[PDB]
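Raw protein-v6.tsv, TSV, C-alpha atoms and all ligand atoms:
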chain	number	residue	atom	x	y	z
A	8	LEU	CA	40.20	33.76	132.48
A	9	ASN	CA	37.60	31.62	134.42
A	10	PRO	CA	39.19	32.12	137.93
A	11	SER	CA	36.27	30.21	139.59
A	12	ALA	CA	36.78	27.24	137.18
A	13	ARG	CA	32.94	26.97	136.68
A	14	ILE	CA	31.42	24.98	133.76
A	15	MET	CA	30.99	27.37	130.79
A	16	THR	CA	28.34	27.13	128.02
A	17	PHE	CA	28.98	28.33	124.45
A	18	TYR	CA	26.54	29.19	121.65
A	19	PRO	CA	28.64	29.22	118.40
A	20	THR	CA	27.15	30.79	115.22
A	21	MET	CA	27.11	28.53	112.08
A	22	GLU	CA	30.46	30.14	110.95
A	23	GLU	CA	32.22	29.70	114.33
A	24	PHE	CA	30.83	26.12	114.56
A	25	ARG	CA	32.33	24.98	111.18
A	26	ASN	CA	35.95	24.76	112.44
A	27	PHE	CA	36.03	22.21	115.32
A	28	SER	CA	39.73	22.50	116.39
A	29	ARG	CA	39.62	26.34	116.10
A	30	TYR	CA	36.46	26.44	118.27
A	31	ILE	CA	38.14	24.22	120.96
A	32	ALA	CA	41.10	26.69	120.88
A	33	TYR	CA	38.52	29.57	121.25
A	34	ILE	CA	36.69	28.11	124.30
A	35	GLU	CA	40.14	27.46	125.94
A	36	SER	CA	41.14	31.14	125.32
A	37	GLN	CA	37.95	31.89	127.41
A	38	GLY	CA	39.15	29.61	130.24
A	39	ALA	CA	36.62	26.79	129.62
A	40	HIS	CA	39.28	24.10	130.24
A	41	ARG	CA	39.66	25.19	133.92
A	42	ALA	CA	36.34	23.51	134.87
A	43	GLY	CA	37.44	20.32	133.06
A	44	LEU	CA	34.02	20.24	131.37
A	45	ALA	CA	32.24	22.64	128.96
A	46	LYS	CA	28.87	22.67	127.16
A	47	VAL	CA	28.58	23.71	123.49
A	48	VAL	CA	25.05	24.34	122.16
A	49	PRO	CA	25.25	24.02	118.31
A	50	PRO	CA	23.36	26.52	116.05
A	51	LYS	CA	19.60	25.64	115.71
A	52	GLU	CA	19.81	24.95	111.93
A	53	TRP	CA	22.53	22.23	112.46
A	54	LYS	CA	21.43	18.53	112.66
A	55	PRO	CA	23.83	15.52	112.47
A	56	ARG	CA	20.92	13.27	111.34
A	57	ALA	CA	17.48	14.21	109.88
A	58	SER	CA	15.54	11.66	112.01
A	59	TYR	CA	16.20	8.89	114.62
A	60	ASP	CA	13.16	6.75	113.53
A	61	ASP	CA	15.45	4.38	111.48
A	62	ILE	CA	17.72	2.97	114.26
A	63	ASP	CA	15.54	0.19	115.85
A	64	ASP	CA	17.62	-2.58	114.16
A	65	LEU	CA	20.88	-1.14	115.53
A	66	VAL	CA	22.57	-3.87	117.71
A	67	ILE	CA	24.02	-3.17	121.18
A	68	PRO	CA	26.49	-6.17	121.22
A	69	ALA	CA	27.32	-6.11	124.97
A	70	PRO	CA	24.66	-4.40	127.19
A	71	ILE	CA	25.88	-4.11	130.80
A	72	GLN	CA	23.79	-4.57	133.94
A	73	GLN	CA	25.20	-2.02	136.43
A	74	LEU	CA	25.46	-3.44	139.91
A	75	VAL	CA	26.32	-0.82	142.50
A	76	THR	CA	27.51	-1.49	146.08
A	77	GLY	CA	28.00	1.01	148.87
A	78	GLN	CA	26.56	3.51	151.34
A	79	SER	CA	27.28	7.06	152.72
A	80	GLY	CA	27.85	8.49	149.20
A	81	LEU	CA	30.67	5.98	148.36
A	82	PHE	CA	29.99	3.24	145.83
A	83	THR	CA	31.63	0.66	143.61
A	84	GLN	CA	29.99	-0.22	140.24
A	85	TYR	CA	30.28	-3.75	138.85
A	86	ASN	CA	29.41	-4.44	135.18
A	87	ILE	CA	27.60	-7.66	134.21
A	88	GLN	CA	27.60	-8.36	130.46
A	89	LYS	CA	24.18	-9.36	129.12
A	90	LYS	CA	23.33	-10.86	125.67
A	91	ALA	CA	23.18	-8.63	122.53
A	92	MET	CA	19.99	-6.65	122.01
A	93	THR	CA	18.56	-4.22	119.47
A	94	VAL	CA	17.74	-0.55	120.18
A	95	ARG	CA	14.06	-1.61	119.78
A	96	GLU	CA	14.49	-4.24	122.60
A	97	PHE	CA	16.56	-1.82	124.74
A	98	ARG	CA	13.93	1.02	124.41
A	99	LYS	CA	11.17	-1.43	125.48
A	100	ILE	CA	13.10	-2.28	128.73
A	101	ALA	CA	14.21	1.39	129.29
A	102	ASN	CA	10.48	2.56	129.14
A	103	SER	CA	9.01	-0.44	131.09
A	104	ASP	CA	7.53	0.01	134.62
A	105	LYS	CA	10.53	-1.78	136.18
A	106	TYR	CA	13.14	0.67	134.71
A	107	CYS	CA	11.36	3.98	133.66
A	108	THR	CA	12.29	7.38	135.22
A	109	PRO	CA	10.41	8.24	138.47
A	110	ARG	CA	8.04	11.27	138.45
A	111	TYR	CA	9.85	14.57	139.34
A	112	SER	CA	9.38	18.40	139.15
A	113	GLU	CA	12.97	19.72	139.67
A	114	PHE	CA	16.40	18.14	138.82
A	115	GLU	CA	17.40	18.27	142.54
A	116	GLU	CA	14.53	15.82	143.32
A	117	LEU	CA	15.67	13.37	140.58
A	118	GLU	CA	19.33	13.80	141.67
A	119	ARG	CA	18.20	12.80	145.25
A	120	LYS	CA	16.27	9.70	143.93
A	121	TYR	CA	19.43	8.68	141.99
A	122	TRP	CA	21.73	8.87	145.00
A	123	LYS	CA	19.08	7.22	147.23
A	124	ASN	CA	18.32	4.30	144.84
A	125	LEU	CA	21.46	3.66	142.71
A	126	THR	CA	22.14	0.34	144.54
A	127	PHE	CA	18.57	-0.99	143.91
A	128	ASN	CA	17.02	-2.56	140.76
A	129	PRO	CA	20.30	-2.59	138.68
A	130	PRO	CA	19.70	-0.91	135.27
A	131	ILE	CA	21.03	-1.95	131.85
A	132	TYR	CA	23.44	0.39	129.99
A	133	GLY	CA	23.80	-0.14	126.24
A	134	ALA	CA	27.37	1.21	126.50
A	135	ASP	CA	30.53	1.16	124.29
A	136	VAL	CA	28.76	0.40	121.00
A	137	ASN	CA	31.17	0.98	118.06
A	138	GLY	CA	29.17	3.19	115.72
A	139	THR	CA	27.83	6.57	114.64
A	140	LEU	CA	24.40	8.24	114.23
A	141	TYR	CA	25.88	10.97	112.03
A	142	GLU	CA	24.83	10.98	108.32
A	143	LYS	CA	27.96	10.54	106.08
A	144	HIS	CA	27.66	14.08	104.54
A	145	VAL	CA	27.86	15.98	107.93
A	146	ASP	CA	31.19	17.85	108.03
A	147	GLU	CA	30.63	19.88	111.24
A	148	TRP	CA	31.63	18.34	114.62
A	149	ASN	CA	31.57	14.84	113.16
A	150	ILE	CA	32.61	12.62	116.12
A	151	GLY	CA	33.37	9.86	113.51
A	152	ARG	CA	36.12	12.02	111.82
A	153	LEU	CA	37.21	15.14	113.92
A	154	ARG	CA	40.68	14.99	112.24
A	155	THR	CA	42.65	16.41	115.27
A	156	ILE	CA	46.39	15.58	115.90
A	157	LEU	CA	45.17	12.40	117.73
A	158	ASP	CA	44.95	10.88	114.20
A	159	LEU	CA	48.79	10.57	114.25
A	160	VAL	CA	48.38	7.35	116.32
A	161	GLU	CA	46.44	5.79	113.31
A	162	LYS	CA	48.05	7.94	110.39
A	170	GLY	CA	40.38	2.52	119.20
A	171	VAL	CA	39.99	5.93	121.07
A	172	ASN	CA	40.00	7.60	117.63
A	173	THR	CA	36.69	5.84	116.68
A	174	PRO	CA	33.02	6.68	117.60
A	175	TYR	CA	31.14	5.03	120.48
A	176	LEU	CA	27.37	5.04	121.15
A	177	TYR	CA	25.73	4.95	124.59
A	178	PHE	CA	22.09	3.99	124.95
A	179	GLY	CA	21.06	4.97	128.44
A	180	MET	CA	18.11	4.36	130.71
A	181	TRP	CA	17.19	5.86	134.08
A	182	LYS	CA	19.95	5.45	136.74
A	183	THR	CA	22.67	4.19	134.31
A	184	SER	CA	26.00	5.71	135.33
A	185	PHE	CA	29.48	6.68	134.47
A	186	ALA	CA	31.94	6.52	137.38
A	187	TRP	CA	34.63	9.09	138.28
A	188	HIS	CA	37.42	9.14	135.69
A	189	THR	CA	39.65	11.08	133.35
A	190	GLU	CA	39.95	9.99	129.68
A	191	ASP	CA	42.41	7.35	128.44
A	192	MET	CA	45.87	9.01	128.29
A	193	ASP	CA	44.19	12.12	129.86
A	194	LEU	CA	42.84	13.01	126.36
A	195	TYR	CA	39.91	15.31	125.59
A	196	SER	CA	36.49	13.87	124.78
A	197	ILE	CA	33.44	15.09	122.91
A	198	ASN	CA	29.96	13.79	123.88
A	199	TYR	CA	26.87	14.59	121.84
A	200	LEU	CA	23.39	13.77	123.16
A	201	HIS	CA	21.50	12.64	120.03
A	202	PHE	CA	18.07	12.27	121.56
A	203	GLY	CA	16.07	11.33	124.62
A	204	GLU	CA	16.17	12.16	128.29
A	205	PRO	CA	19.01	14.26	129.82
A	206	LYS	CA	22.45	13.22	131.05
A	207	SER	CA	23.70	14.89	134.27
A	208	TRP	CA	27.44	15.47	134.81
A	209	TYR	CA	29.72	16.20	137.77
A	210	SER	CA	33.21	17.58	137.18
A	211	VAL	CA	36.32	18.35	139.22
A	212	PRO	CA	38.62	21.10	137.83
A	213	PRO	CA	41.97	19.60	136.52
A	214	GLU	CA	43.80	21.91	139.03
A	215	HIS	CA	41.98	20.00	141.86
A	216	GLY	CA	42.08	16.47	140.34
A	217	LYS	CA	44.89	15.33	142.71
A	218	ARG	CA	42.60	16.21	145.68
A	219	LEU	CA	39.88	13.90	144.29
A	220	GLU	CA	42.49	11.10	143.85
A	221	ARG	CA	43.75	11.57	147.48
A	222	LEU	CA	40.16	11.40	148.77
A	223	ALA	CA	39.48	8.19	146.66
A	224	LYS	CA	42.78	6.51	147.83
A	225	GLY	CA	41.82	7.17	151.51
A	226	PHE	CA	38.39	5.51	150.99
A	227	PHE	CA	39.64	2.54	148.88
A	228	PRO	CA	43.20	1.73	150.21
A	229	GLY	CA	43.03	-1.87	148.90
A	230	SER	CA	42.28	-0.76	145.34
A	231	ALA	CA	45.07	1.93	145.47
A	232	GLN	CA	47.71	-0.66	146.65
A	233	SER	CA	46.56	-3.03	143.82
A	234	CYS	CA	46.82	-0.28	141.07
A	235	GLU	CA	48.58	3.14	140.54
A	236	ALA	CA	45.45	4.49	138.73
A	237	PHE	CA	42.43	2.46	140.09
A	238	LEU	CA	40.08	5.35	139.18
A	239	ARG	CA	40.89	4.34	135.53
A	240	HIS	CA	38.81	1.11	136.16
A	241	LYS	CA	35.67	3.35	136.08
A	242	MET	CA	34.00	1.68	139.03
A	243	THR	CA	34.10	4.44	141.68
A	244	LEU	CA	30.98	6.51	142.40
A	245	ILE	CA	31.21	9.45	144.84
A	246	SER	CA	28.19	11.65	145.59
A	247	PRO	CA	28.37	15.49	145.28
A	248	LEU	CA	27.38	15.60	149.04
A	249	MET	CA	30.49	13.42	149.86
A	250	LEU	CA	32.63	15.88	147.83
A	251	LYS	CA	31.04	18.87	149.70
A	252	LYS	CA	31.75	17.07	153.05
A	253	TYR	CA	35.51	16.83	152.20
A	254	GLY	CA	35.77	20.26	150.54
A	255	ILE	CA	36.58	18.92	147.07
A	256	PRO	CA	35.68	21.65	144.47
A	257	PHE	CA	33.24	20.40	141.86
A	258	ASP	CA	30.55	21.67	139.50
A	259	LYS	CA	27.45	20.08	138.03
A	260	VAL	CA	25.64	20.41	134.66
A	261	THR	CA	22.71	18.74	132.87
A	262	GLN	CA	23.21	17.97	129.18
A	263	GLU	CA	20.01	17.95	127.09
A	264	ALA	CA	19.24	16.40	123.69
A	265	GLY	CA	21.09	18.22	120.91
A	266	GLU	CA	23.95	19.55	123.08
A	267	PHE	CA	27.70	18.79	123.14
A	268	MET	CA	29.80	18.27	126.26
A	269	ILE	CA	33.61	18.63	126.03
A	270	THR	CA	35.89	17.09	128.67
A	271	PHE	CA	39.42	18.45	128.96
A	272	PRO	CA	42.77	16.72	129.77
A	273	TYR	CA	42.87	15.55	133.42
A	274	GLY	CA	39.24	16.68	133.87
A	275	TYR	CA	37.60	14.14	136.23
A	276	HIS	CA	33.89	13.58	135.49
A	277	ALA	CA	31.02	11.27	136.55
A	278	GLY	CA	27.29	11.27	135.97
A	279	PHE	CA	24.00	9.53	135.19
A	280	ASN	CA	21.19	9.22	132.62
A	281	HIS	CA	17.67	10.51	133.45
A	282	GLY	CA	16.06	7.96	131.13
A	283	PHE	CA	16.10	6.51	127.58
A	284	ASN	CA	18.64	8.36	125.47
A	285	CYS	CA	21.58	8.03	123.14
A	286	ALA	CA	24.97	9.85	123.27
A	287	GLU	CA	27.91	9.67	120.85
A	288	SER	CA	31.49	10.18	121.90
A	289	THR	CA	35.18	9.93	120.99
A	290	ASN	CA	38.55	11.16	122.24
A	291	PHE	CA	40.53	13.98	120.60
A	292	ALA	CA	43.72	15.98	121.12
A	293	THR	CA	45.25	19.46	120.81
A	294	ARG	CA	48.97	20.41	121.08
A	295	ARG	CA	48.32	21.07	124.89
A	296	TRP	CA	47.39	17.37	125.41
A	297	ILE	CA	50.92	16.05	124.38
A	298	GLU	CA	52.35	17.01	127.84
A	299	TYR	CA	49.33	15.33	129.59
A	300	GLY	CA	49.80	12.15	127.49
A	301	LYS	CA	53.54	12.08	128.41
A	302	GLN	CA	52.68	12.44	132.15
A	303	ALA	CA	49.40	10.35	132.30
A	304	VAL	CA	49.47	7.91	135.26
A	305	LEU	CA	48.19	4.62	133.79
A	306	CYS	CA	46.55	1.42	135.09
A	307	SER	CA	49.30	-0.97	136.34
A	308	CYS	CA	47.10	-4.11	136.90
A	309	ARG	CA	45.31	-4.75	133.51
A	312	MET	CA	44.60	-1.26	129.48
A	313	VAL	CA	44.68	1.71	126.95
A	314	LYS	CA	48.25	2.91	126.27
A	315	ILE	CA	49.28	5.22	123.41
A	316	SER	CA	53.01	5.56	122.57
A	317	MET	CA	53.84	9.30	122.94
A	318	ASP	CA	57.06	8.96	120.87
A	319	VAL	CA	55.40	10.04	117.53
A	320	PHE	CA	53.99	13.18	119.27
A	321	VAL	CA	57.36	14.06	120.97
A	322	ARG	CA	59.15	13.60	117.63
A	323	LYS	CA	56.69	15.79	115.61
A	324	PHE	CA	55.76	18.54	118.11
A	325	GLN	CA	58.73	18.58	120.56
A	326	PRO	CA	61.86	17.47	118.48
A	327	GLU	CA	64.20	19.60	120.72
A	328	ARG	CA	62.89	17.65	123.82
A	329	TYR	CA	63.01	14.10	122.29
A	330	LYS	CA	66.52	13.05	123.60
A	331	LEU	CA	65.77	14.64	127.05
A	332	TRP	CA	62.37	12.83	127.20
A	333	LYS	CA	63.72	9.42	126.03
A	334	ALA	CA	66.40	9.70	128.84
A	335	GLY	CA	63.55	10.30	131.34
A	336	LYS	CA	64.97	13.78	132.11
A	337	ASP	CA	61.88	15.75	130.85
A	338	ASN	CA	60.91	17.70	134.06
A	339	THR	CA	58.06	19.84	132.53
A	340	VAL	CA	55.41	20.91	135.09
A	341	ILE	CA	51.86	21.15	133.73
A	342	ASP	CA	50.02	24.46	134.46
A	343	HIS	CA	46.31	23.39	134.20
A	344	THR	CA	45.15	27.05	133.74
A	345	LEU	CA	47.14	27.62	130.48
A	346	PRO	CA	45.15	27.43	127.19
A	347	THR	CA	46.37	25.36	124.17
A	348	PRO	CA	49.03	27.13	121.94
A	349	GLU	CA	46.35	27.15	119.10
A	350	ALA	CA	44.31	29.70	121.23
A	351	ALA	CA	47.04	32.41	120.55
A	352	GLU	CA	44.92	34.12	117.78
A	353	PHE	CA	42.16	34.85	120.41
A	401	LIG	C1	38.18	2.48	125.36
A	401	LIG	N1	37.62	3.59	126.12
A	401	LIG	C2	36.99	3.11	127.34
A	401	LIG	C3	36.47	4.27	128.18
A	401	LIG	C4	35.45	5.06	127.37
A	401	LIG	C5	34.87	6.19	128.16
A	401	LIG	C6	35.60	7.22	128.76
A	401	LIG	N2	34.83	8.11	129.36
A	401	LIG	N3	33.57	7.65	129.15
A	401	LIG	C7	32.47	8.45	129.52
A	401	LIG	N4	32.79	9.74	129.67
A	401	LIG	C8	31.77	10.60	129.69
A	401	LIG	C9	30.45	10.25	129.56
A	401	LIG	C10	30.15	8.90	129.47
A	401	LIG	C11	28.77	8.44	129.41
A	401	LIG	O1	27.83	9.18	129.21
A	401	LIG	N5	28.61	7.12	129.47
A	401	LIG	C12	29.64	6.27	129.55
A	401	LIG	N6	30.88	6.60	129.55
A	401	LIG	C13	31.16	7.93	129.50
A	401	LIG	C14	33.56	6.50	128.45
A	401	LIG	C15	36.09	5.52	126.07
A	401	LIG	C16	36.63	4.31	125.32
A	402	ZN	ZN	34.74	10.25	130.01
A	403	ZN	ZN	44.53	-0.91	137.18

Could you render the structure from this file as structure tokens?
Amino acid sequence: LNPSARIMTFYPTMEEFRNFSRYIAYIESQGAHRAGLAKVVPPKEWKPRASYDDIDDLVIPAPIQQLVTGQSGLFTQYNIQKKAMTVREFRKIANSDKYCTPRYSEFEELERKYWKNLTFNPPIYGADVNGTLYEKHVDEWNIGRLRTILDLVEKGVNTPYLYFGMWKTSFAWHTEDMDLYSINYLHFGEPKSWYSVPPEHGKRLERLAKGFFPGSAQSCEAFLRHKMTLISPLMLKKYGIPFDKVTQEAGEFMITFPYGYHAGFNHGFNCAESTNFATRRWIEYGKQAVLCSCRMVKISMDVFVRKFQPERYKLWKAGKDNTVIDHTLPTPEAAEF
């Protein structure tokens, strides 16, 4: 399933939507994981919050000014921490003449303006805010409590984060911490555009990045983990790196899969909610994740190897666990489909 590894979109009914982990297993049985990114449009009747007119007093403790340097589709993003601000203050800046979205008809025109102007007039990203916009009673796809096997770490990446975007705010090329999955919900506002590289081609993106930034690569085993590297889709086309693109709109979920490299940008004022999560398939990725060797987020895999792979525990502890990851294989939970 999904031999082209193209980004798939799913429209679950209210009944299919209710079981989060089962629905992740379902989309994997359909080959969604091969693209490294999937869109899930929830049923129309489902709302995580009745209204977003009550969040003006919400504090963004560390807004970041995003300074970008580069040319020829290759850039490095530098984050400058600014003083705390409210969502009311952030919305005022986001919609001001200095930072508002330029006029555009088609996405391709806006995508061009982004790649042409990302190094000018550095925007402010109200990123990494600990919090949720979900009402406490919401039991479906609740980013604040997904209750996947990732909870075994607790029972930081198992908590919800908010992202208040403005035009031209960006997320650099990366995989998740420990090559985990992630869920991103766009609560409201202007779209968020995504680029993705299939996990089966992730090593090709890394080789391209290493060749362009040899200083960074010598300094760290996993420099892409710093989340500072921006590469244009045109630069990827030029070097034959397979990739796909998708625009997430308000009210839609995006799912990133283990070792799924993604990057993207915000079209204007918006707010997304995200967290990391796991399935039984992730354990092997966590065991094999190449981590940052210069700073970082590290999860001990021991608890997972003991519980889900007891027969492999002595072999693994000895450093003799030679398992090769097949990126095309769905999670064992997908068996029923
Ligand atoms: C401690 N961890 C640091 C990295 C954090 C992280 C990992 N990935 N990641 C992102 N991925 C996808 C989309 C977005 C986005 O729209 N904005 C900003 N960051 C994003 C953010 C998770 C938390
Ligand atoms: Zn991510
Ligand atoms: Zn590093």

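Using only C-alpha atoms, the smallest distance between any of A:90, A:34, A:96, A:283 and residue 64 (chain A) comes from A:96.
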
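If all atoms listed in the file are the atoms counted, then among A:257, A:185, A:17, A:332 the closest residue to ligand LIG 401 (chain A) is A:185.
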
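Shortest separation to ligand ZN 403 (chain A) among A:335, A:229, A:55, A:50 occurs at residue A:229, atoms counted being all atoms listed in the file.
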
Item to complete: Between CA of residue 297 (chain A) and CA of residue 320 (chain A), measure the distance and give it in Å to one decimal.
Response: 6.6 Å

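When CA of residue 272 (chain A) is paired with CA of residue 189 (chain A), their separation reads 7.4 Å.
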
Discussion item. With distances taken over only C-alpha atoms, which residue among A:29, A:244, A:108, A:213 lies nearest residue 226 (chain A)?
Written reply: A:244

Worksheet item: Of the candidates A:100, A:322, A:66, A:130, which one gets nearest to residue 87 (chain A) if we count all atoms listed in the file?
Response: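 Checking each of A:100, A:322, A:66, A:130 against residue 87 (chain A), counting all atoms listed in the file, the winner is A:130.
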
Can you complete the atoms of region 248-274 of chain A to N, CA and C atoms and list them as a tab-separated table (two decimals), in the coordinates of the input?
chain	number	residue	atom	x	y	z
A	248	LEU	N	27.50	15.34	147.60
A	248	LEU	CA	27.38	15.60	149.04
A	248	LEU	C	28.63	15.12	149.80
A	249	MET	N	29.25	14.00	149.32
A	249	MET	CA	30.49	13.42	149.86
A	249	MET	C	31.65	14.33	149.51
A	250	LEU	N	31.65	14.89	148.29
A	250	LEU	CA	32.63	15.88	147.83
A	250	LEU	C	32.54	17.19	148.65
A	251	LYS	N	31.30	17.69	148.87
A	251	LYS	CA	31.04	18.87	149.70
A	251	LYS	C	31.60	18.66	151.09
A	252	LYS	N	31.31	17.48	151.71
A	252	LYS	CA	31.75	17.07	153.05
A	252	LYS	C	33.29	17.16	153.22
A	253	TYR	N	34.05	16.81	152.17
A	253	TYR	CA	35.51	16.83	152.20
A	253	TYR	C	36.13	18.02	151.51
A	254	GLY	N	35.31	19.03	151.19
A	254	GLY	CA	35.77	20.26	150.54
A	254	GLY	C	36.40	20.13	149.17
A	255	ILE	N	36.01	19.10	148.40
A	255	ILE	CA	36.58	18.92	147.07
A	255	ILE	C	35.80	19.84	146.11
A	256	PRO	N	36.44	20.82	145.41
A	256	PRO	CA	35.68	21.65	144.47
A	256	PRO	C	35.15	20.84	143.30
A	257	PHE	N	33.89	21.06	142.98
A	257	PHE	CA	33.24	20.40	141.86
A	257	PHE	C	32.13	21.29	141.33
A	258	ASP	N	31.67	20.99	140.12
A	258	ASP	CA	30.55	21.67	139.50
A	258	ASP	C	29.64	20.61	138.90
A	259	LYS	N	28.40	20.99	138.66
A	259	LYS	CA	27.45	20.08	138.03
A	259	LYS	C	26.75	20.75	136.85
A	260	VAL	N	26.35	19.94	135.86
A	260	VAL	CA	25.64	20.41	134.66
A	260	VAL	C	24.79	19.30	134.12
A	261	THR	N	23.62	19.65	133.55
A	261	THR	CA	22.71	18.74	132.87
A	261	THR	C	22.78	19.00	131.37
A	262	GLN	N	23.17	17.97	130.63
A	262	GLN	CA	23.21	17.97	129.18
A	262	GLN	C	21.85	17.50	128.65
A	263	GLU	N	21.28	18.27	127.72
A	263	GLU	CA	20.01	17.95	127.09
A	263	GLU	C	20.21	17.52	125.66
A	264	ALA	N	19.17	16.87	125.08
A	264	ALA	CA	19.24	16.40	123.69
A	264	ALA	C	19.63	17.56	122.76
A	265	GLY	N	20.58	17.27	121.88
A	265	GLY	CA	21.09	18.22	120.91
A	265	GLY	C	22.26	19.05	121.37
A	266	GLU	N	22.83	18.77	122.55
A	266	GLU	CA	23.95	19.55	123.08
A	266	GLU	C	25.23	18.72	123.15
A	267	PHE	N	26.38	19.40	122.99
A	267	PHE	CA	27.70	18.79	123.14
A	267	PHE	C	28.29	19.09	124.51
A	268	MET	N	29.02	18.12	125.05
A	268	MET	CA	29.80	18.27	126.26
A	268	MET	C	31.23	17.98	125.80
A	269	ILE	N	32.18	18.78	126.28
A	269	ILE	CA	33.61	18.63	126.03
A	269	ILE	C	34.27	18.40	127.37
A	270	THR	N	35.09	17.34	127.48
A	270	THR	CA	35.89	17.09	128.67
A	270	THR	C	37.31	17.44	128.27
A	271	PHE	N	38.07	17.99	129.20
A	271	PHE	CA	39.42	18.45	128.96
A	271	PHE	C	40.46	17.54	129.60
A	272	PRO	N	41.74	17.57	129.14
A	272	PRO	CA	42.77	16.72	129.77
A	272	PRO	C	42.82	16.86	131.28
A	273	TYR	N	42.80	15.71	131.97
A	273	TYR	CA	42.87	15.55	133.42
A	273	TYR	C	41.60	16.12	134.13
A	274	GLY	N	40.53	16.28	133.36
A	274	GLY	CA	39.24	16.68	133.87
A	274	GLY	C	38.46	15.45	134.31
